[PDB]
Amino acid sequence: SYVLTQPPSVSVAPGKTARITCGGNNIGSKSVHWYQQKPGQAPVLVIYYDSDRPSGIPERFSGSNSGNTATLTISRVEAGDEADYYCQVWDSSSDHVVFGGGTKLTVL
């Protein structure tokens, strides 16, 4: 089926901007959704439809999707943002939904 590629680990300085990528064969034609999963908890939808933000998520979370790489951009990273991030897409014709490998974001 469809394949999503994420970097296993990304580090970011406190207060700076982190950018987690999501690779896919022409992923710009699809809608990407990002989840944040803290250790021991269930994933939480932080961004859906490439860039939109659900109610309850701070404005620091922004998204972008073009070409073959979608990008989850955290504006001002805090200490509590250390979690696993998974990008998710739903195939229109196949009706399947695929998750990424995950990305362990660590704050310096």
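From 1 onward, residues are counted along the sequence shown.
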> Which third, lowest, middle or highest, does the CA B-factor of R53 fall in along this chain?
Replying inline: middle
>> How does the C-alpha B factor of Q88 compare with the rest of the chain: lowest, middle or highest third?
In response: lowest
>> Which third, lowest, middle or highest, does the C-alpha temperature factor of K30 belong to within its own chain?
In response: lowest
> In terms of the chain's CA B-factor thirds, is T69 lowest, middle or highest?
Replying inline: lowest
> Relative to the other modelled residues in the chain, which third contains the C-alpha temperature factor of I47: lowest, middle or highest?
Replying inline: middle
